[PDB]
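# Chains, contacts and geometry: an overview
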Amino acid sequence: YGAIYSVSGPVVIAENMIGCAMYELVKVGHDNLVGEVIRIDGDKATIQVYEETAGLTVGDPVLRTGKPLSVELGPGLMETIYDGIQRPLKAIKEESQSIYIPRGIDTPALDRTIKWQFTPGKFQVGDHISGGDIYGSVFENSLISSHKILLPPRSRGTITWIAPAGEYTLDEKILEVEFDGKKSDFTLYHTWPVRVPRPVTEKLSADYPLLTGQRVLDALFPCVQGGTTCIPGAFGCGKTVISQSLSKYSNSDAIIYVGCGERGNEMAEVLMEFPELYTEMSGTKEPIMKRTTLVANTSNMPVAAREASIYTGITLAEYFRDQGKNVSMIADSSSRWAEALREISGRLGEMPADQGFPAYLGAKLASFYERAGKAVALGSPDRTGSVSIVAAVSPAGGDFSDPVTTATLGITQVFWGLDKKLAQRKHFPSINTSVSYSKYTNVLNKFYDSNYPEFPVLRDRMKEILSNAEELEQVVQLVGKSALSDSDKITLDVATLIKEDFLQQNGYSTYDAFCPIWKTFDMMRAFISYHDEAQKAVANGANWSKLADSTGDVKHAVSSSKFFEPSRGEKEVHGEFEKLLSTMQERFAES
Amino acid sequence: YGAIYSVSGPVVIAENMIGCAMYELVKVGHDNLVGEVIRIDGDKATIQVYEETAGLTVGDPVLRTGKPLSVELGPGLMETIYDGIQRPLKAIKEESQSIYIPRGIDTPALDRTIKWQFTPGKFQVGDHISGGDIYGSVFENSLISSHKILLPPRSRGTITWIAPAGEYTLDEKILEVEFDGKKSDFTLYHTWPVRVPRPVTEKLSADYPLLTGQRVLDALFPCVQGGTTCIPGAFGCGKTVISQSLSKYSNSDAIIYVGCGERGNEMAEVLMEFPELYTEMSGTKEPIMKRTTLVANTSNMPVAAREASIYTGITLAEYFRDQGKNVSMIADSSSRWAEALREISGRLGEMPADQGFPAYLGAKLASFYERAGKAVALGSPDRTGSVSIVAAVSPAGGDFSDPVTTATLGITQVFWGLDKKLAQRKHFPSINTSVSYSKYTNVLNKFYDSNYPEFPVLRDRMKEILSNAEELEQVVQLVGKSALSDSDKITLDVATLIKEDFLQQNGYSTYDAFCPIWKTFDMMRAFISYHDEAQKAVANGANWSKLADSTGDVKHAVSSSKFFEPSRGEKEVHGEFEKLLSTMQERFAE
Amino acid sequence: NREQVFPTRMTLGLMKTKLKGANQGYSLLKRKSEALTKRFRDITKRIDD
Amino acid sequence: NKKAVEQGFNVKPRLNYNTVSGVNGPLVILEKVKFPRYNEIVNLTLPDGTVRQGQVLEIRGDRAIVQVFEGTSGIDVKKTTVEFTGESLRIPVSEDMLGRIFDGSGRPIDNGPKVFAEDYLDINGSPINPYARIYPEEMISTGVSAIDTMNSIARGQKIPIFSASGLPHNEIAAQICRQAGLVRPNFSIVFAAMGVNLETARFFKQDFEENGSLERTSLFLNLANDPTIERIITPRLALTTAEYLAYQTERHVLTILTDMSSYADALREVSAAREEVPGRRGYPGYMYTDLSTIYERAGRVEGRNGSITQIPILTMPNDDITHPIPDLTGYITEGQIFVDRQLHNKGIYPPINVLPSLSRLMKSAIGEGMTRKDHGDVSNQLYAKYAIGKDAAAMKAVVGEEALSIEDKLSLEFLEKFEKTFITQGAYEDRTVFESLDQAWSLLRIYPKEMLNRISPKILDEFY
Amino acid sequence: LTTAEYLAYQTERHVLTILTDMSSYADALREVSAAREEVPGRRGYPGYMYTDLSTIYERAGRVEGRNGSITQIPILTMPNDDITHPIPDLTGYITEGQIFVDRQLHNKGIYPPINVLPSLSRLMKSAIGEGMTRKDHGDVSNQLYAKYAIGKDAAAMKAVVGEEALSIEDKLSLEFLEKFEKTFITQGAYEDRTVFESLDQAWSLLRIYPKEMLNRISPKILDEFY
Amino acid sequence: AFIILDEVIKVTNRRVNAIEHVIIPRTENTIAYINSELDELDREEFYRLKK
Ligand SMILES: Nc1ncnc2c1ncn2[C@@H]1O[C@H](COP(=O)(O)OP(=O)(O)O)[C@@H](O)[C@H]1O
Ligand SMILES: [Mg+2]
């Protein structure tokens, strides 16, 4: 038990504290504020307290817990909201009967009153069990069924006793392991340090795409299940609605929605909307909230807790990856994580480095994004989970020259650059096709050849059309549109059509809330076939003005392809698109 | 008295300074160098010496004056010339007999050798007296008579002795006030912290206009008595003309001029021009220096003096406002004041915020401009005064890049926009009416409805005419001149007449040296009547060339409105305008 | 609304030179347009005659 | 009933420290402190008898660094006595505040009595539990077409006004206060002035008096001549009053935080006084955190019928939205209302530029039940066609009017009839959301039905 | 690099050291320096970053007694595609050349997206031509660089002041730049272009110009190869 | 000659308007942004030297 010596904002230097390890967790103050040691200068131990620091006096006790910041993994989190240090906000509200976050509240991360239905695994008494082996499964909810109870990593030995099937809480023993003559008792949960990544047998090259649902994201710049992503942009660009529309409509078996430096109203919107939303996975319409846990750290919450929120969310994602679910962790703002790091560093007095961000920011971001990836779980039976990190960077001033943005672009593989020019005029998603890229285009060729063989060719054609139109518009804004050829007129017209109908997808309309991959592919087919038909008919000799006047019906039919409801089904929608192409060739043939 | 401990440049640390206050002036060294205290660390106090710190040993005494940077307020301020520190330049020259200012010269800022007439106020022995109460009067000048002696704003208590009417110096006692013991004794003068604004009972809304005497500045972009204006203040633009106008023809009963870092040859120009000014009064012609205090402050001066020049000037203006007098405080080179502030901030080591300027430049400018405004003075009687600040924004005239320029344009409500191009084109007073603006027309609507009702309507009409003239000039540059319609041609001709006669004022000329508000209103009404008559004739279908040929006489008559001398004044010149307005209708009708 | 140029001390000078050159080209091209337009009205009058 | 006040009847003597070790800038380094609190607000007494409040910002062993709101001028080490209150800065809040005028430090400048405190609440407040939040789905019909049809303000929103020095940002926010009402059926405004001039303060006070709002408004006036350090605590005091009123008394509170640019300027001055990180443009690296602790106090909570709606009036230093203050404010708040100089010089009132504006709570509070079913589609189509009009205006200025297509000419006509008719209102003309939607549908009927590509087919068939 | 020095000097092998993310290495240096509160260089990097980068880069080359070599190709990530950044600057200073990979070329789809204008090789003048590869190598490379620079400048001029400003030579340079980026620079992976084949392609590119307009080509080489 | 001169005047005025409304504003905005970024870098260097 040390004593507080110096307090300055989120950092608390504590004296008479010999024996404190680096990045350990200390309970600073009489309210037991959660903290983490950053430096040990002799007996002083600088502590970043993860709660509001006002009210701390010199001489207050500081208990050494002896363990690092440990997120508590196990059945229960599925449909919960956390506070960065994994404090369940619902339980906090019920226990405190208030609307605020009490300082130093010590509610358990996982509810202990709930009784869980444990079904023993293939492992029996006497079988050697290693870290990550599934010794049982528990039914959490209708969507996340058979929540596999993993043996904690770093724990090995032979099973002396395994509890039979029944109803257990998290405090109850489930299994006993004897290793080197020392019996170890295991329960439904286990704590894992957030700083150390959860081990896996072998990470794999991710090959299956993470179907966002947005047309531009799915087609032009795809992301694989297990690939680091990045959504830089200014405010109002749509990097939070892209994150939400990816946490609602993706094929990920689970979602870890992490909000660092975000509005509490955004997380409240998630809480109100996700239960009312449903997913077709598992063979039934189960609510989305049954498969998404939230790590809420509102922007006015303590600064030091944003790193804790990031690490807690990524460790939850790694745990579900170890269970074998193609999880995708969605950090709301790695930019605000970086700002929290800069604030802590400046309070520490460290050297500013770039824009004040500490010199280790790039390394920490690289490590956090390297936590992602499709990987074979550590223990048997064999299973291949994934963590698709999609973090929305928020550069200051809408300029992608920020150090956090540059480091994130260095580490990630998909760059969904948002343009505020398209954020205005309600052109959402505001993805800047010029600067955006996806390095998983080549590795997705296997999936595309298996399912939609012409999809990469169509996306290459769409990229060519958009780039040609960008060049032609740069020419036209200076030298007028009169000098253009008919082919250039077609290129500009069809690219305006693409930008106004295909690329732009309203995320709050019933038809374009979730545009699945088959509807997106059919829409690309429609637009590319319209462009090709116009080019061929003009090359045959038709004047483009009269041709457009005649084929305005086909152009408007293509422009109205958005409204085809995906709820009609894959077959019904494809039938509507097949008739669209047939109605397109005939009209162009007639004219 | 403390002792010097360390000197490294102008910053001085003085050991054994227990009881020293922050931002307190101390006498550093054996030459009595004056310097403010920046920070304290136990016994040691950090001091920025105002003068040059060379030759300061260790152990040199550091006397504690006990007050912050103060201003000598009392009789004898008016005709004198000061600096940012408020050291009399004339008295320093007379005392030292040298063209230089010796280091640590301690000439009192107010002449202690002058006998001042004193007439006690209504406050008698035993009557309660509070801060700002006029307990006496002093005959100082011809323009400014009855220099109302004020009790210091912080002072309070009961009178015990009052000086009988006679002749007194500033040194000898005048009033003795007891507050739980006779701890107060008052002379003809008192000191006020320069950074601390002088309190008032209530700060009213500035309603009465500041008639600068110029037609453009008094009609198109008026200022209110107690309003803050802004002038580009670049060389070769007419800022000198604006300064002379505000000095001698304005409504202000007192003038405070601050240089705060302008060039030396310039200071010579202003210090040789203002004594040559003469403002005609009811009695006879007497110098405008009789009511104007020059805070002369060149680039060679200490940076602390340059940064405190505008603050000393505004404190003097606040003092003269506290007497119920309307003061105009012409701030030349506010950008050079900001440069001095930036130099001090860099010396102190504070981090820059915008273009190297300190983080508090905007706050300091906002507080300084808010120190202006009409306000009923503290203490009885209930007199009311106003301080109007006219600030030359930047040698980088109207450049939004400069943070000081941006802050001044954002805080001040009137920008009079001098134009070097118009100055080269022989346009006087070189006001660029396209960029110049005033936000005080809304509050001046009340005064105009009270006195001259049609003034806002005619001013808006001329602004519309000038905008339409700019549009018509653009059209005639793009296409042929004859392509414009009859209405456009009439608008262009009327606007050209307005620019040539109404806007263009010959300050050096005797007839249009000072256009009164009534004369400006009459000329504006005549011009609007001429434009309306021409528009009506165009609507009647008459050819504009024939209309101009017939109404050349009316055009000459309305152009003569400038040449009508306001020396007769009031109904004598107003009656002539009625005939001119009548002639603009009968001739137009025919 | 601006060119995507990496900020630098040399880049600032190059872009200031580009701005000066663009202003010069704009002034000379406006002068050329004015002269050619004067010749244009002359040619239109000659065409009518 | 209320046991919170039971602990009130307790006397806590305060230690009076004469041990001012040193003073530098706005800070006093005060030594020999007995167990210094981290955020205690101390009552610092000058030798001249003046009392300035200050709060400790850092505390070493038996040493507390106090920053005083009024400033450190005149502070001495021999004579200045510092009286540690032992608690953070708490504002005496009561229902009697409504109708009073308070200074920047919370002291009443209304020439009335001190607040008969009903409770003492820490000005810094506490973050609202995100699980306890309720998403604001109740639209406010502010009577402004640009703010009600294009954008939309729901009740617990944080919706600033982004403007410049000379723009009528005060007039537009005064129009909102006097016209704000729930779209499908009163607000108790709380006004916070930070660094504004006497003209602006008098304008807002007289506008509240004219509209009859002063009976239900609390004014926190920190004029331009008031101390700059207390511009930090003025919005905290105003927002703590708003939090009290709304969440406890069950009131709906409008919070006008005028000159958050001045608040951020005071924040930057305080940060630069210390040796702190420069963030961007000199503003502190924690300016996001501070502005968030200000803004995110608004919203609605579960189980309580009160709400806080914030309209922080913000002055853009150079009319650019990439400046740190506007950028961070846009990141934190749930939208922005963008007052445009390009329109003010054009003569439009209100000069609200719609493209830079935004309301993140339009999706909710726009729908078939909350408003008319066409609102979202009409707003999106108007945005698209307004941008096409801006692009067509630029292309016209470049290559003449002739080169423009039929769509471009229609878009220029729509731009003219939109800026001159839709955006433009009288200073006291309040337009119901349905009225503004009918005007918007007329402006869309300028276009043919085919070109209206943003509208859903059902809406277009039922409304064109 | 000490492994490479061993293999190349004590075992007489030819080594190809492929250090990657030297920007990441220098970021690690900055993190170490920032913890020591040292006097920083540009962008916070240590003042001795030139010395450290020289210690690493200068471990390449051939020594007399040995029949081995160290070829060093340190891959380097420009943080914002800026040469002026301290890491690329100081590296240019120590290294002897660079292969500048262009984001603009990558966006245009050219592989490899090598921009030959900022790219350089200080040892080209010694290792190229005069019987080492072929008599025309150096002159052809000089002419290609000159024509590519002319093409870039003329494309900028045509974008700004229209196509009227561009002369016949400028239009030819635009056509050459198109056919050069599209056919010469563009080269799919696993395609081995021998230096002779690349020189033949470069001559085919240069035959777009008339013999007179080819400036840097020596008259003898021009007569023998055009 | 009239037709050719009309075409040349049209292209010249198009270039003039294009310059004055795109090239000059874009270049001025780039100048402002570059100067702001240089000021930010200078401020960062000043803060590092102050530490
Ligand atoms: N794809 C989209 N569909 C519909 N509305 C959108 C879309 N993208 C953005 N918006 C609108 O923009 C607003 C702000 O977007 P947001 O998610 O807050 O982005 P950011 O977090 O970057 O500001 C949202 O309230 C929403 O109304
Ligand atoms: Mg967001």
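Rules of the game
- Residues numbered from 1 in each chain as written, not as in the entry; some residues may be left out.
- Chains lettered and ligands numbered in written order.
- Part of a larger assembly, values for the part shown.
- Heavy atoms only, no water.
- Residues with missing side-chain atoms left out of burial classes, pairs and counts.
- Helix = DSSP H or I, 4+ residues; strand = E, 2+ residues; numbered from the N terminus.
- Rg over C-alpha atoms; globule rule 2.2 N^0.38 Å.
- Pairing = 2+ DSSP bridges.
- Contact = heavy atoms within 4.5 Å.
- Axes fitted to C-alpha atoms, helices over the stretch in contact; angles between N-to-C directions.
- Parallel < 35°, antiparallel > 145°, perpendicular 65-115°, else oblique.
- Left-handed = near helix turned anticlockwise from the far one by under 90°.
- Nonpolar A, V, L, I, M, F, W, Y, C, P; charged D, E, K, R; others polar.
- Salt bridge = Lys/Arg side-chain N within 4 Å of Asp/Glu carboxyl O.
- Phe/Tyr/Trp six-rings, centres within 6.5 Å; stacked < 30°, edge-to-face > 60°.
- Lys NZ or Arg CZ within 6 Å of the ring centre and 35° of its normal.
- Expected span 1.5 Å × (residues − 1).
- Polar contact = N/O pair within 3.5 Å; in protein donor to acceptor, adjacent residues only side chain to side chain.

Its PDB header names cryo-EM as the technique used to obtain the model and reports a resolution of 3.3 Å.

Per the PDB entry, chain D goes by Vacuolar proton pump subunit B and derives from Saccharomyces cerevisiae. The title given for this PDB entry is "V1 complex lacking subunit C from Saccharomyces cerevisiae, State 3".

You'll find chain C entered in the PDB entry as V-type proton ATPase subunit D, with Saccharomyces cerevisiae given as the organism.

### Brief notes about the overall build of chain C
Along the backbone of chain C there are one helix and zero strands. For chain C, the C-alpha atoms occupy an extent of roughly 60 × 20 × 10 Å along the three principal directions.

### Looking at the overall build of chain D
Scanning chain D for helices and strands turns up twelve helices and 22 strands. Relative to the globule expectation of 23 Å for 464 residues, the C-alpha radius of gyration of chain D, 25 Å, shows essentially globular dimensions. Each of the three principal axes of chain D carries a C-alpha extent, and together these read 80 × 55 × 40 Å.

### Describing unusual backbone geometry
Cis rather than trans, the peptide bond between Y349 of chain D and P350 of chain D has omega equal to 0°. Position of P350 of chain D among the secondary structure elements: in the loop between helix 8 (341–344) and strand 22 (352–359). Omega for the peptide link from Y111 of chain E to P112 of chain E comes to -5°, which places this bond in the cis form. Tracing the sequence through the fold places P112 of chain E in the loop between helix 5 (103–108) and strand 5 (120–121). Its identity as a non-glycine residue notwithstanding, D81 of chain E has a phi of 55°, on the positive side.

### Topic: the sheet that holds strand 1 (residues 14–17) of chain E
All names here are of chain E. In spatial order, the strands read 1-3-2; together these three strands make up an open sheet with mixed pairing. For this open sheet the edge positions go to strand 1 and strand 2 (61–62), each flanked by a neighbour on one side alone. Relative to strand 3 (residues 69–72), strand 2 runs antiparallel, the two being bridged by two bridges. Note that in strand 3 the partner of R62 across the bridge is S69.

### Looking at the arrangement of the chains
The pair of protein chains exhibiting the most contacts, out of nine pairs of chains in contact, is chains A and D. The least C-alpha distance between chain A and chain C, which are not in contact, is 9 Å. At no point do chain D and chain E touch; the closest pair of C-alpha atoms across them sits 14 Å apart.

### Concerning the packing of helix 11 (residues 455–478) of chain B against helix 12 (residues 486–503) of chain B
Residue and element names in this part refer to chain B. Running from N to C, helix 11 and helix 12 point in directions that differ by 120°, and their axes come no closer than 9 Å. Here helix 11 is positioned oblique relative to helix 12, judged by the angle of their axes. Considering how the two elements wind past one another, helix 11 and helix 12 form a crossing that is left-handed. Here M462, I465, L466, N468 and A469 of helix 11 lie close against helix 12, whose contacting residues are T491, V494, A495, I498, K499, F502 and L503. Of the residues assigned to the contact of helix 11 with helix 12, the class counts are nine nonpolar, two polar and one charged.

### Focus on the interface of chain C and chain F
The interface of chain C with chain F comprises 28 residues on the first partner and 23 residues on the second. Here the side of chain C that touches chain F is composed, by residue class, of twelve nonpolar, eight polar and eight charged.

### Comments concerning the pattern of salt bridges
In this structure, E79 of chain A and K290 of chain A form a salt bridge, with 3.9 Å as the shortest nitrogen-oxygen distance. In this pair, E79 of chain A sits in the loop between strand 7 (70–73) and strand 8 (81–82) while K290 of chain A sits in the loop between strand 22 (286–287) and strand 23 (292–298), placing the two residues 211 residues apart along the sequence. In this structure, the salt-bridge partner of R274 of chain D is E276 of chain D, at a minimum N-O distance of 3.4 Å.

### Thoughts on the packing of aromatic side chains
Ring centres of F447 of chain B and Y452 of chain B lie 6.5 Å apart, and the angle between their planes is 80°; on these two criteria the pair is classed as edge-to-face. Judged by centre distance (6.1 Å) and plane angle (5°), the rings of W203 of chain E and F225 of chain E are stacked. Taken together, the residues span a long stretch of sequence, with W203 of chain E in helix 9 (residues 195–206) and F225 of chain E in helix 10 (residues 219–225) at a distance of 22 residues. Site record: aromatic cluster; members linked through ring pairs are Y208, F447, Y448, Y452, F455 and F521 of chain A. When the ring centre of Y383 of chain D is taken as origin, the NZ or CZ atom of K426 of chain A, which lies over that ring, is 5.0 Å away.

### Considering the interface of chain A and chain D
Facing the 70 residues of chain A at the interface are 69 residues of chain D. Those elements that provide at least two residues to the side of chain A that touches chain D are strand 1 (2–8), helix 1 (89–96), helix 3 (239–249), strand 20 (254–262), helix 4 (264–273), strand 23, helix 6 (334–348) and helix 11 (455–479) of chain A. Among the elements that line the side of chain A that touches chain D, the one with the most residues is helix 4 of chain A, at seven residues.

### What about the packing of helix 7 (residues 137–165) of chain E against helix 9 of chain E?
Residue and element names in this part refer to chain E. Two elements in contact, helix 7 and helix 9, have axes whose closest approach is 10 Å; the angle formed by their N-to-C orientations is 45°. Classified by the angle their axes make, helix 7 and helix 9 are oblique. Between helix 7 and helix 9 lies a crossing of left-handed hand. Judged by residue contacts, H137, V140, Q143, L144 and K147 of helix 7 engage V195, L199, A202, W203 and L206 from helix 9. Split by residue class, the contact of helix 7 with helix 9 holds seven nonpolar, two polar and one charged.

### Let's talk about the sheet that holds strand 21 (residues 335–339) of chain D
All names here are of chain D. Taken in spatial order, the four strands make up an open sheet running 20-14-21-22, and their pairing is mixed. Looking at strand neighbours, the two that pair on one side only are strand 20 (313–315) and strand 22, the edges of this open sheet. Averaged over all pairs of adjacent strands, the angle between strand axes in this sheet comes to 20°, irrespective of strand direction. Pairing of strand 21 with strand 22 involves four bridges; the strand directions are antiparallel. Paired with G335 across the bridge in strand 22 is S359.

### Things to note about the environment of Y311 of chain A
For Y311 of chain A, the location among the structural elements is in helix 5 (residues 305–323). Sequence separation between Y311 of chain A and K90 of chain A is 221 residues; the distance between their C-alpha atoms is 21 Å.

### Structural notes on helix 11 of chain A
In this model, helix 11 of chain A (25 residues) spans 35 Å end to end at C-alpha, consistent with the 36 Å of a helix rising 1.5 Å per residue. Just beyond helix 11 of chain A, the residue with positive phi is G480 of chain A, at close to 70°.

### Examining the environment of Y257 of chain B
Residues and elements named next belong to chain B. In this structure, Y257 sits in strand 22 (residues 254–258). Residues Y257 and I389, spaced 132 residues apart in sequence, show a C-alpha to C-alpha distance of 10.0 Å. If near-sequence neighbours (up to four positions away) are discounted, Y257 is found in contact with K239, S243, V270, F274, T293, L294, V295, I330 and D332.

### Some thoughts on the side chain of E318 of chain A
All names here are of chain A. Of note, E318 is situated in helix 5. Of the polar contacts made by the side chain of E318, one reaches the backbone nitrogen of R198; its length is 3.3 Å. Ignoring anything within four residues of it in the chain, the contact list for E318 reads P197, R198, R371 and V387.

### Details of the pairing of strand 6 (residues 61–68) of chain B
Residues and elements named next belong to chain B. Relative to strand 6, strand 1 (residues 2–8) runs antiparallel, the two being bridged by two bridges. Across the sheet, the residue bridging to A3 is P61, located in strand 6. Where strand 3 (residues 24–28) and strand 6 come together, four bridges link them in antiparallel fashion. Bridge pairing links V26 to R64 in strand 6.

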